[PDB]
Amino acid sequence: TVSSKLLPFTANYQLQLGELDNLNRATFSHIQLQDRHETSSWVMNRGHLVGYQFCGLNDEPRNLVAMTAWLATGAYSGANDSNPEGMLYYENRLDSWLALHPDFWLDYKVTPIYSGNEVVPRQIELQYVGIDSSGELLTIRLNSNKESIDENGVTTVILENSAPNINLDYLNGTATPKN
């Protein structure tokens, strides 16, 4: 609350979805919760903005954007939560954070970043901080170089929506391999 970036602290579970913009693109997904709340070319798969493990959301368009597997999982297939270039890395650690701070809240915002009329965003921003029983803020440090802490202790991480073996057309939302 001493931060404008965060959802106002009512002390209940909150899910605010941004409306679709003029181009029908998801604009953000914002969650405030506790550990007890827990649950030739191809076209790109849609990934979650705020992970299913947090928000329970089932193909809700306002929580989906075209995304490489490498960004969503850290890996070409499966999952690698040690790759700090993937979302899993941070999602798993936030979930771990929640389990160790059962008495605190997680405020977590996920914002796709687009240029022009592209349907595929270039980047995803993860914004996270903890809040205590009395609305005080607690910095959450996930040990990644991408992190950037603001004047209030709120952390933002900019992730590239891409993959090392893939050529994306961000306008049309197609992917072809690198030749």
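Numbering starts at 1 and follows the sequence shown.
In terms of unmodelled positions of the deposited sequence, the chain runs continuously from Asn143 to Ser144 in this entry. The question of which stretch, 50-58 or 146-154, has the higher mean Cα B factor is settled in favour of 50-58. Annotation for 132-140 versus 22-30: the higher mean temperature factor (C-alpha) is found in 132-140. Annotation for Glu85, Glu91, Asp107, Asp103: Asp103 ranks highest, by Cα B-factor.
Split the chain's modelled residues into thirds by C-alpha temperature factor. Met67 is in the middle one. Ranked by Cα temperature factor within the chain, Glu125 sits in the lowest third according to the deposited record. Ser77 sits in the highest third of its chain by CA B factor, as recorded in the PDB entry. In the deposited entry, the Cα temperature factor of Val119 places it in the middle third of its chain's modelled residues.
Among all modelled residues in its chain, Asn167 ranks in the middle third by Cα B-factor.
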